[PDB]
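A.B. asks: Could you have a look at this structure, given as structure tokens, before my questions?
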Amino acid sequence: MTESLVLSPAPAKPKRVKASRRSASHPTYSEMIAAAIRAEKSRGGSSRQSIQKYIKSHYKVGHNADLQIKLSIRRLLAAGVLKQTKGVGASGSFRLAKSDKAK
Amino acid sequence: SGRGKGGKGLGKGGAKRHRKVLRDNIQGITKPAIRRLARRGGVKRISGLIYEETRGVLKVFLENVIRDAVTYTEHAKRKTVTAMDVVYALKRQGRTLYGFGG
Amino acid sequence: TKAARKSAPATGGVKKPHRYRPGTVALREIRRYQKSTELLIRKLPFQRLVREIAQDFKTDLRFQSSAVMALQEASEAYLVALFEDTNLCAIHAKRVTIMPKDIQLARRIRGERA
Amino acid sequence: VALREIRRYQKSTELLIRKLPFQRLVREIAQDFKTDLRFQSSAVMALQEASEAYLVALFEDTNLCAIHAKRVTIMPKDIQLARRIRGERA
């Protein structure tokens, strides 16, 4: 049970992390990458070390930071809400689908 | 006519009743048939274009072999190509099949 | 928090069948078909095809069941040998997939593209 | 420069390997089979033309092997594929 067996020992993280009244942490659904991209400046896309940084503080590392980051990147790519820039000096520069200027 | 876009119901799309009288004769080799040939060749994954390419390659081989067969059959006035004719049309270049003959 | 509208929790995994991972079935399919000895393609779709091209080259003629088998086995081994030949071209191109780029190169070296 | 000399060899027909080193090479191979073997001048030159065109066809195929793999250079990997796929080596 991906939703019950693994979440049985993991109500501890929810009572302290994710959304709460007044200023709090962003949910895993959205703003984990979107708000990070909004907050960062002088980037032109977010690298892996970058994203792993901008998620500091109270957060579930577990196997989530190991694989669900890549899985969510692919999921958002399937959505099309993520724009990207390629290179090898930086492993990957992923941006939001911000329509301030038409592509 | 069709009660739905999908294949859940009766004959929404691709309802076929004509059996290759003058159509789809070349398309007698289906996708698993091409896959099975690839598997016997040790191929793990093939592309979409290989389905049409193999049929084109298949037509060339049969055409080249049967070009000799009609000449072989007409020469002996037999008008009925047998196992021997295929070997004669094959033994000349490569593909020397020992399965039938004699 | 069960949103019940977004599939990030993955909603439910109760009735999901045990499906093989992509490319894993090919591993077992290789061992099954290489050992297998059956005639790969059906006789009738092949039978009507060879008759048609023969009809174009020569007027109405008869066929024997042995002749159909001879054409099938030589043709099947011709493709299987080509498939292995293109398979070695696939790894040389550093990728598993096989496309006309693989077949065209294979048909050229072994004298077919002439 | 390398393609500059392509025109020279593809426009003019000539032997591209040294004459006597080929004669010495075939002699040393023949001596092991049978010592004191006598080679005719026409025979050694006839084998040279066949040998040269044998590699030209091999070098022609390996060129198309490279372009298949998004490559320009031909490497030992290319020569392995061409010989094996042709049935010459395996």
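A note on labels: chains of the structure tokens are A, B, ... as shown, every chain counts residues from 1, and ligands are counted from 1 in their shown order.
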Kindly determine which residues of chain C lie within 8 Å of chain D, considering only C-alpha atoms, and give the answer as a ChimeraX atom specification.
C.D. replies: /C:85,88-89,92-94,101-102,105-106,108-110
A.B. asks: Could you save those same residues with N, CA, C and O atoms as a CSV table (one decimal), in the first residue's frame?
C.D. replies:
```csv
chain,number,residue,atom,x,y,z
C,85,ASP,N,21.7,-9.3,-37.6
C,85,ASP,CA,22.7,-8.4,-38.3
C,85,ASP,C,22.4,-6.9,-38.0
C,85,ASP,O,23.4,-6.2,-37.7
C,88,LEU,N,23.4,-6.1,-34.2
C,88,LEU,CA,24.8,-5.8,-34.0
C,88,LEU,C,25.0,-4.3,-34.5
C,88,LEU,O,26.0,-3.7,-34.0
C,89,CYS,N,24.3,-3.9,-35.5
C,89,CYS,CA,24.4,-2.5,-35.9
C,89,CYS,C,23.8,-1.5,-34.9
C,89,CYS,O,24.2,-0.4,-34.7
C,92,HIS,N,26.3,-1.0,-32.1
C,92,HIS,CA,27.3,-0.1,-32.7
C,92,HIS,C,26.9,1.3,-32.7
C,92,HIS,O,27.7,2.2,-32.5
C,93,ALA,N,25.6,1.6,-33.0
C,93,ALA,CA,25.1,2.9,-32.9
C,93,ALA,C,24.8,3.3,-31.4
C,93,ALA,O,24.2,4.3,-31.2
C,94,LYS,N,25.2,2.5,-30.5
C,94,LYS,CA,25.0,2.7,-29.1
C,94,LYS,C,23.5,2.9,-28.7
C,94,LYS,O,23.2,3.7,-27.8
C,101,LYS,N,17.9,3.0,-40.5
C,101,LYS,CA,19.3,3.3,-40.5
C,101,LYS,C,20.1,2.0,-40.2
C,101,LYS,O,21.2,1.8,-40.8
C,102,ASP,N,19.6,1.1,-39.3
C,102,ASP,CA,20.2,-0.2,-39.1
C,102,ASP,C,20.1,-1.1,-40.3
C,102,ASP,O,21.0,-1.8,-40.7
C,105,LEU,N,22.1,0.0,-43.5
C,105,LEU,CA,23.5,-0.3,-43.4
C,105,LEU,C,23.8,-1.8,-43.5
C,105,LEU,O,24.7,-2.2,-44.2
C,106,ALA,N,22.9,-2.6,-42.9
C,106,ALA,CA,23.1,-4.0,-42.9
C,106,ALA,C,22.9,-4.6,-44.4
C,106,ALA,O,23.7,-5.4,-44.8
C,108,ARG,N,23.5,-3.0,-47.1
C,108,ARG,CA,24.6,-2.5,-47.9
C,108,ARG,C,25.8,-3.4,-47.9
C,108,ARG,O,26.3,-3.8,-48.9
C,109,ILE,N,26.2,-3.7,-46.6
C,109,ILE,CA,27.5,-4.4,-46.5
C,109,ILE,C,27.4,-5.9,-47.0
C,109,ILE,O,28.3,-6.4,-47.7
C,110,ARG,N,26.3,-6.5,-46.7
C,110,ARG,CA,26.1,-7.9,-47.1
C,110,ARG,C,25.5,-8.0,-48.6
C,110,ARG,O,25.1,-9.1,-49.0
```
A.B. asks: So that I can check the surroundings of residue 94 of chain A, please list as a VMD selection string every protein, DNA and RNA residue that reaches within 9 Å of it, counting only C-alpha atoms and ignoring chain neighbours fewer than 4 positions away.
C.D. replies: chain A and resid 37 44 to 47 73 82 to 86
A.B. asks: What are the closest atom pairs, with distances in Å to one decimal, for each residue of chain B lying within 9 Å of chain C, using only C-alpha atoms, rows by chain and rising residue number, as a Markdown table?
C.D. replies:
```
| residue | atom | partner | partner_atom | distance |
| --- | --- | --- | --- | --- |
| B:20 | CA | C:45 | CA | 8.8 |
| B:25 | CA | C:49 | CA | 5.7 |
| B:26 | CA | C:49 | CA | 6.1 |
| B:27 | CA | C:45 | CA | 8.2 |
| B:28 | CA | C:45 | CA | 4.8 |
| B:29 | CA | C:41 | CA | 7.2 |
| B:30 | CA | C:41 | CA | 8.9 |
| B:33 | CA | C:41 | CA | 6.2 |
| B:34 | CA | C:41 | CA | 8.8 |
| B:36 | CA | C:33 | CA | 7.0 |
| B:37 | CA | C:80 | CA | 5.4 |
| B:38 | CA | C:83 | CA | 5.5 |
| B:39 | CA | C:30 | CA | 5.2 |
| B:40 | CA | C:34 | CA | 4.9 |
| B:41 | CA | C:84 | CA | 4.3 |
| B:42 | CA | C:84 | CA | 6.0 |
| B:43 | CA | C:87 | CA | 5.8 |
| B:44 | CA | C:26 | CA | 5.6 |
| B:45 | CA | C:97 | CA | 5.1 |
| B:46 | CA | C:98 | CA | 4.8 |
| B:47 | CA | C:99 | CA | 5.6 |
| B:48 | CA | C:99 | CA | 7.9 |
| B:49 | CA | C:99 | CA | 6.4 |
| B:50 | CA | C:99 | CA | 5.8 |
| B:53 | CA | C:100 | CA | 6.8 |
| B:54 | CA | C:79 | CA | 8.0 |
| B:57 | CA | C:79 | CA | 8.5 |
| B:58 | CA | C:75 | CA | 7.5 |
| B:59 | CA | C:53 | CA | 8.8 |
| B:61 | CA | C:75 | CA | 7.3 |
| B:62 | CA | C:50 | CA | 7.0 |
| B:63 | CA | C:53 | CA | 6.8 |
| B:65 | CA | C:71 | CA | 8.5 |
| B:66 | CA | C:54 | CA | 6.7 |
| B:67 | CA | C:57 | CA | 7.3 |
| B:69 | CA | C:54 | CA | 8.7 |
| B:70 | CA | C:58 | CA | 6.6 |
| B:71 | CA | C:58 | CA | 9.0 |
| B:79 | CA | C:61 | CA | 5.6 |
| B:80 | CA | C:62 | CA | 4.4 |
| B:81 | CA | C:63 | CA | 5.4 |
| B:82 | CA | C:67 | CA | 4.8 |
| B:83 | CA | C:67 | CA | 4.3 |
| B:84 | CA | C:67 | CA | 7.8 |
| B:85 | CA | C:67 | CA | 7.8 |
| B:86 | CA | C:70 | CA | 6.3 |
| B:87 | CA | C:70 | CA | 7.5 |
| B:90 | CA | C:74 | CA | 8.2 |
| B:95 | CA | C:74 | CA | 6.2 |
| B:96 | CA | C:74 | CA | 8.2 |
| B:97 | CA | C:74 | CA | 6.6 |
| B:99 | CA | C:70 | CA | 7.6 |
| B:100 | CA | C:70 | CA | 7.2 |
```
A.B. asks: Restrict the selected residues to C-alpha atoms and save them as an mmCIF file, in the first residue's frame.
C.D. replies:
```
data_model
loop_
_atom_site.group_PDB
_atom_site.id
_atom_site.type_symbol
_atom_site.label_atom_id
_atom_site.label_comp_id
_atom_site.auth_asym_id
_atom_site.auth_seq_id
_atom_site.Cartn_x
_atom_site.Cartn_y
_atom_site.Cartn_z
ATOM 1 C CA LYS B 20 -8.061 -9.749 -48.226
ATOM 2 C CA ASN B 25 -2.426 -8.835 -49.113
ATOM 3 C CA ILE B 26 1.036 -7.404 -48.434
ATOM 4 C CA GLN B 27 -0.118 -6.526 -44.902
ATOM 5 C CA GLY B 28 -0.425 -10.198 -43.981
ATOM 6 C CA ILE B 29 2.414 -9.904 -41.474
ATOM 7 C CA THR B 30 1.210 -8.466 -38.170
ATOM 8 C CA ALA B 33 4.987 -11.571 -36.288
ATOM 9 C CA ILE B 34 7.645 -8.924 -36.930
ATOM 10 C CA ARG B 36 8.843 -12.679 -33.102
ATOM 11 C CA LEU B 37 11.307 -12.512 -35.998
ATOM 12 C CA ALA B 38 13.215 -9.826 -34.092
ATOM 13 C CA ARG B 39 13.196 -11.945 -30.926
ATOM 14 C CA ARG B 40 14.669 -14.933 -32.767
ATOM 15 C CA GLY B 41 17.331 -12.487 -33.961
ATOM 16 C CA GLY B 42 18.122 -11.375 -30.416
ATOM 17 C CA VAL B 43 16.493 -7.945 -30.748
ATOM 18 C CA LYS B 44 15.152 -6.352 -27.572
ATOM 19 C CA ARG B 45 13.394 -3.279 -28.997
ATOM 20 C CA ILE B 46 12.422 -2.189 -32.510
ATOM 21 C CA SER B 47 11.081 1.096 -33.866
ATOM 22 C CA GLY B 48 7.755 1.817 -35.526
ATOM 23 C CA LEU B 49 9.278 2.277 -38.979
ATOM 24 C CA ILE B 50 10.643 -1.284 -38.992
ATOM 25 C CA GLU B 53 10.497 -1.597 -43.678
ATOM 26 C CA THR B 54 10.489 -5.343 -42.986
ATOM 27 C CA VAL B 57 12.417 -6.044 -47.439
ATOM 28 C CA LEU B 58 10.171 -9.118 -47.351
ATOM 29 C CA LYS B 59 8.604 -8.261 -50.715
ATOM 30 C CA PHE B 61 13.248 -11.275 -51.202
ATOM 31 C CA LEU B 62 10.133 -13.087 -52.431
ATOM 32 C CA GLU B 63 10.198 -11.174 -55.725
ATOM 33 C CA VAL B 65 13.345 -15.724 -55.516
ATOM 34 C CA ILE B 66 10.084 -16.138 -57.435
ATOM 35 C CA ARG B 67 11.514 -14.371 -60.499
ATOM 36 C CA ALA B 69 10.805 -19.784 -60.006
ATOM 37 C CA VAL B 70 8.530 -18.725 -62.875
ATOM 38 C CA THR B 71 11.408 -19.126 -65.333
ATOM 39 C CA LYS B 79 3.262 -24.941 -64.420
ATOM 40 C CA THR B 80 3.194 -26.025 -60.747
ATOM 41 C CA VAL B 81 6.101 -24.744 -58.658
ATOM 42 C CA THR B 82 7.220 -27.470 -56.250
ATOM 43 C CA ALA B 83 9.761 -27.729 -53.446
ATOM 44 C CA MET B 84 12.574 -28.439 -55.915
ATOM 45 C CA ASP B 85 11.961 -25.190 -57.815
ATOM 46 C CA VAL B 86 12.257 -23.100 -54.641
ATOM 47 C CA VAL B 87 15.599 -24.719 -53.789
ATOM 48 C CA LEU B 90 17.460 -20.329 -53.639
ATOM 49 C CA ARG B 95 19.767 -19.220 -48.630
ATOM 50 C CA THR B 96 20.706 -22.785 -49.633
ATOM 51 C CA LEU B 97 17.898 -24.626 -47.860
ATOM 52 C CA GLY B 99 14.971 -28.969 -45.864
ATOM 53 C CA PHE B 100 13.341 -30.299 -49.032
#
```
A.B. asks: Among chain B, which residues carry a DSSP assignment of alpha helix (DSSP H), reported as a PyMOL selection string?
C.D. replies: chain B and resi 31-40+49-75+83-91
A.B. asks: Can you work out which residues from chain C touch chain A at a cut-off of 9 Å (counting only C-alpha atoms) and hand them back as number ranges by chain?
C.D. replies: C: 1, 6, 8-14
A.B. asks: Got time to write the residues from that selection, N, CA and C atoms, as a PDB file, in the first residue's frame?
C.D. replies:
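The new file out-v2.pdb reads:
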```pdb
ATOM      1  N   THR C   1      -3.452  14.370   4.301  1.00  0.00           N
ATOM      2  CA  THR C   1      -4.486  15.108   3.586  1.00  0.00           C
ATOM      3  C   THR C   1      -4.834  14.430   2.265  1.00  0.00           C
ATOM      4  N   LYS C   6      -5.888  14.769  -6.876  1.00  0.00           N
ATOM      5  CA  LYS C   6      -4.558  14.805  -7.460  1.00  0.00           C
ATOM      6  C   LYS C   6      -3.849  13.490  -7.165  1.00  0.00           C
ATOM      7  N   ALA C   8      -0.751  12.581  -6.810  1.00  0.00           N
ATOM      8  CA  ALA C   8       0.616  12.564  -6.292  1.00  0.00           C
ATOM      9  C   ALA C   8       0.796  11.523  -5.189  1.00  0.00           C
ATOM     10  N   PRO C   9      -0.063  11.452  -4.145  1.00  0.00           N
ATOM     11  CA  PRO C   9      -0.139  10.235  -3.335  1.00  0.00           C
ATOM     12  C   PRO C   9      -0.240   8.932  -4.119  1.00  0.00           C
ATOM     13  N   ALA C  10      -0.583   9.024  -5.409  1.00  0.00           N
ATOM     14  CA  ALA C  10      -0.890   7.928  -6.336  1.00  0.00           C
ATOM     15  C   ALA C  10      -2.283   7.363  -6.090  1.00  0.00           C
ATOM     16  N   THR C  11      -3.162   8.114  -5.420  1.00  0.00           N
ATOM     17  CA  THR C  11      -4.561   7.743  -5.217  1.00  0.00           C
ATOM     18  C   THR C  11      -4.692   6.379  -4.555  1.00  0.00           C
ATOM     19  N   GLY C  12      -4.881   5.336  -5.357  1.00  0.00           N
ATOM     20  CA  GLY C  12      -5.022   3.998  -4.823  1.00  0.00           C
ATOM     21  C   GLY C  12      -4.213   2.965  -5.578  1.00  0.00           C
ATOM     22  N   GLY C  13      -3.609   2.035  -4.844  1.00  0.00           N
ATOM     23  CA  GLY C  13      -2.863   0.953  -5.451  1.00  0.00           C
ATOM     24  C   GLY C  13      -3.386  -0.403  -5.028  1.00  0.00           C
ATOM     25  N   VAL C  14      -4.703  -0.514  -4.885  1.00  0.00           N
ATOM     26  CA  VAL C  14      -5.334  -1.714  -4.353  1.00  0.00           C
ATOM     27  C   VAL C  14      -5.561  -2.762  -5.436  1.00  0.00           C
TER      28      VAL C  14
END
```
A.B. asks: For residue 14 of chain D, work out the shell of residues within 12 Å, counting only C-alpha atoms and skipping chain neighbours fewer than 6 positions away, then give it as a ChimeraX atom specification.
C.D. replies: /D:8,48-49,52-53
A.B. asks: Which residue, A:35, A:95, A:90, A:79, has the smallest gap to residue 48 of chain A when you use only C-alpha atoms?
C.D. replies: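 Looking at the shortest contact to residue 48 of chain A, the residue is A:90.
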A.B. asks: When DSSP works through the backbone of this structure, what residues of chain A end up as strand (DSSP E), shown as JSON, numbers by chain?
C.D. replies: {"A": [82, 83, 84, 85, 93, 94, 95, 96]}
A.B. asks: So how many Å separate atom CA of residue 96 of chain A and atom CA of residue 53 of chain A, to one decimal?
C.D. replies: 17.7 Å
A.B. asks: Can you measure atom CA of residue 16 of chain A to atom CA of residue 76 of chain A for me? One decimal in Å is fine.
C.D. replies: 25.9 Å
